[PDB]
Structure formats: C-alpha cells, structure tokens
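Reading through the structure tokens given below for one structure.
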Amino acid sequence: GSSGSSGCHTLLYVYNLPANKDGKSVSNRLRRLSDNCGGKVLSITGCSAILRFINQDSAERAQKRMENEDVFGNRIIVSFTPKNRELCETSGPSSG
C-alpha cells in the first residue's frame, strides 16, 4: 500500500494563525514555543502550521500549551489530526 504513512515521530497541526502578521514573524514566535516542547516547526502554511515532535508526549505539552497560547492578539488551535473535513463517524477505538 501507499496511501498512508507510518512514523514514530509525532507531527502537530496548528490553526487560527495571524495571517496579517508576516509569517517571518509568526514562525519565530512558535519556534520558541516548540523549542521548549521538544518540537520543530517544519513549515507554516496559510493560517496553519506543521511541527515535528519526537513522541506524542512532547507533541502534547505543545498541543496543550499553544492551543491556549496566542501568537499575536489571536488564539491558536493545535490538533493532532487534519482539519480538512468534518464527519460524525463513530469508529476507530483508542488503544495503546
């Protein structure tokens, strides 16, 4: 199979970013918030961003911090899954 990847690492997905605020400025602000959460801002697209963490834990401290943090006069949202589409499908149990 091809569709779908599998890596120990843990990437994060940020949303609700201050587009107005030149990215060159936004990133940095995040970099610091990610540097402490053992993470790395791979790239920053539109009002969203993608980070790279070693393990879930590390990705959490950031997902729970940034989510509340405010890059600039704006609250950001951090999620482990993509916010491309929404569905009320009850499936996929949480194990290990």
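Residue names in the structure tokens use chain letters A, B, ... in the order shown, residue numbers from 1 in each chain, and ligand numbers from 1 in the order shown.
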Which residues of region 35-93 of chain A come within 8 Å of region 12-17 of chain A, and what is each one's closest atom pair and distance in Å (one decimal), counting only C-alpha atoms, sorted by chain and residue number, as CSV?
```
residue,atom,partner,partner_atom,distance
A:46,CA,A:17,CA,7.8
A:47,CA,A:17,CA,4.3
A:48,CA,A:15,CA,4.2
A:49,CA,A:14,CA,4.7
A:50,CA,A:13,CA,4.9
A:51,CA,A:12,CA,5.0
A:52,CA,A:12,CA,6.5
A:53,CA,A:12,CA,7.6
A:59,CA,A:12,CA,6.6
A:63,CA,A:12,CA,7.3
A:71,CA,A:17,CA,7.4
A:74,CA,A:17,CA,7.2
A:75,CA,A:16,CA,6.8
A:76,CA,A:16,CA,5.0
A:77,CA,A:15,CA,4.9
A:78,CA,A:14,CA,4.4
A:79,CA,A:13,CA,5.1
A:80,CA,A:12,CA,5.1
A:81,CA,A:13,CA,6.8
A:82,CA,A:13,CA,6.7
```
Could you take the residues named above and write them with N, CA and C atoms, as a PDB file, in the first residue's frame?
```
ATOM      1  N   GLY A  46      -0.472  29.114   5.160  1.00  0.00           N
ATOM      2  CA  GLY A  46      -1.643  29.910   5.478  1.00  0.00           C
ATOM      3  C   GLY A  46      -1.758  30.204   6.961  1.00  0.00           C
ATOM      4  N   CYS A  47      -2.965  30.064   7.498  1.00  0.00           N
ATOM      5  CA  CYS A  47      -3.206  30.320   8.914  1.00  0.00           C
ATOM      6  C   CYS A  47      -2.938  29.070   9.745  1.00  0.00           C
ATOM      7  N   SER A  48      -2.291  28.085   9.131  1.00  0.00           N
ATOM      8  CA  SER A  48      -1.979  26.834   9.813  1.00  0.00           C
ATOM      9  C   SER A  48      -0.471  26.605   9.865  1.00  0.00           C
ATOM     10  N   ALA A  49      -0.058  25.590  10.617  1.00  0.00           N
ATOM     11  CA  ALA A  49       1.356  25.264  10.750  1.00  0.00           C
ATOM     12  C   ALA A  49       1.550  23.787  11.076  1.00  0.00           C
ATOM     13  N   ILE A  50       2.722  23.260  10.739  1.00  0.00           N
ATOM     14  CA  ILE A  50       3.032  21.859  10.996  1.00  0.00           C
ATOM     15  C   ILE A  50       4.360  21.717  11.732  1.00  0.00           C
ATOM     16  N   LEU A  51       4.329  21.038  12.873  1.00  0.00           N
ATOM     17  CA  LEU A  51       5.531  20.827  13.672  1.00  0.00           C
ATOM     18  C   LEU A  51       5.927  19.354  13.683  1.00  0.00           C
ATOM     19  N   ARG A  52       7.130  19.074  14.172  1.00  0.00           N
ATOM     20  CA  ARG A  52       7.627  17.705  14.240  1.00  0.00           C
ATOM     21  C   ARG A  52       8.189  17.398  15.625  1.00  0.00           C
ATOM     22  N   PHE A  53       7.544  16.473  16.327  1.00  0.00           N
ATOM     23  CA  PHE A  53       7.978  16.087  17.665  1.00  0.00           C
ATOM     24  C   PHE A  53       8.508  14.657  17.675  1.00  0.00           C
ATOM     25  N   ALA A  59       4.758  16.219  21.835  1.00  0.00           N
ATOM     26  CA  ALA A  59       3.773  16.874  20.984  1.00  0.00           C
ATOM     27  C   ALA A  59       2.601  17.403  21.804  1.00  0.00           C
ATOM     28  N   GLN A  63       0.726  20.898  22.246  1.00  0.00           N
ATOM     29  CA  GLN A  63      -0.668  20.930  21.820  1.00  0.00           C
ATOM     30  C   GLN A  63      -1.557  21.515  22.912  1.00  0.00           C
ATOM     31  N   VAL A  71      -0.113  33.594  19.583  1.00  0.00           N
ATOM     32  CA  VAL A  71       0.988  34.131  18.792  1.00  0.00           C
ATOM     33  C   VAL A  71       0.973  35.655  18.793  1.00  0.00           C
ATOM     34  N   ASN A  74      -4.318  36.875  19.042  1.00  0.00           N
ATOM     35  CA  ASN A  74      -5.149  35.841  18.434  1.00  0.00           C
ATOM     36  C   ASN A  74      -4.828  34.470  19.022  1.00  0.00           C
ATOM     37  N   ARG A  75      -5.870  33.718  19.359  1.00  0.00           N
ATOM     38  CA  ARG A  75      -5.700  32.388  19.932  1.00  0.00           C
ATOM     39  C   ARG A  75      -5.497  31.346  18.836  1.00  0.00           C
ATOM     40  N   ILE A  76      -4.487  30.500  19.011  1.00  0.00           N
ATOM     41  CA  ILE A  76      -4.188  29.457  18.037  1.00  0.00           C
ATOM     42  C   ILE A  76      -4.749  28.111  18.483  1.00  0.00           C
ATOM     43  N   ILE A  77      -5.031  27.245  17.516  1.00  0.00           N
ATOM     44  CA  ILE A  77      -5.570  25.922  17.810  1.00  0.00           C
ATOM     45  C   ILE A  77      -4.619  24.826  17.343  1.00  0.00           C
ATOM     46  N   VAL A  78      -4.278  23.919  18.255  1.00  0.00           N
ATOM     47  CA  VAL A  78      -3.377  22.817  17.936  1.00  0.00           C
ATOM     48  C   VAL A  78      -4.113  21.483  17.960  1.00  0.00           C
ATOM     49  N   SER A  79      -3.947  20.702  16.897  1.00  0.00           N
ATOM     50  CA  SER A  79      -4.598  19.401  16.794  1.00  0.00           C
ATOM     51  C   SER A  79      -3.653  18.367  16.191  1.00  0.00           C
ATOM     52  N   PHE A  80      -3.864  17.104  16.547  1.00  0.00           N
ATOM     53  CA  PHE A  80      -3.031  16.018  16.042  1.00  0.00           C
ATOM     54  C   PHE A  80      -3.522  15.543  14.678  1.00  0.00           C
ATOM     55  N   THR A  81      -4.803  15.776  14.403  1.00  0.00           N
ATOM     56  CA  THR A  81      -5.397  15.372  13.135  1.00  0.00           C
ATOM     57  C   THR A  81      -5.700  16.582  12.259  1.00  0.00           C
ATOM     58  N   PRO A  82      -5.768  16.356  10.940  1.00  0.00           N
ATOM     59  CA  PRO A  82      -6.051  17.416   9.967  1.00  0.00           C
ATOM     60  C   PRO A  82      -7.490  17.913  10.055  1.00  0.00           C
TER      61      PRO A  82
END
```
- request: Within chain A, find each residue whose DSSP state, derived from the backbone, is alpha helix (DSSP H), and express the selection as a PyMOL selection string.
  value: chain A and resi 23-35+56-66
Pick from A:56, A:72, A:94, A:64 nearest to residue 27 (chain A), counting only C-alpha atoms: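 Of A:56, A:72, A:94, A:64, the one nearest residue 27 (chain A), counting only C-alpha atoms, is A:72.
Minimum atom-to-atom distance to residue 41 (chain A), evaluated using only C-alpha atoms, belongs to A:62 out of A:83, A:57, A:62, A:73.
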field: Residue nearest residue 10 (chain A) - candidates A:54, A:44, A:26, A:37, atoms counted: only C-alpha atoms
entry: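 Checking each candidate against residue 10 (chain A), we get A:54 as the closest.
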task: Could you tell me, as a ChimeraX atom specification, which residues of chain A DSSP assigns to strand (DSSP E or B) when given the backbone?
output: /A:10-15,41-43,49-53,77-79
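Among the candidates A:68, A:20, A:84, A:55, the one nearest to residue 33 (chain A) when counting only C-alpha atoms is A:68.
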query: When distances are computed from only C-alpha atoms, which of A:87, A:30, A:96, A:5 shows the smallest separation from residue 67 (chain A)?
result: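 Closest to residue 67 (chain A) of all the choices is A:30.
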query: So, counting only C-alpha atoms, which residue among A:90, A:45, A:58, A:6 is closest to residue 19 (chain A)?
result: A:45
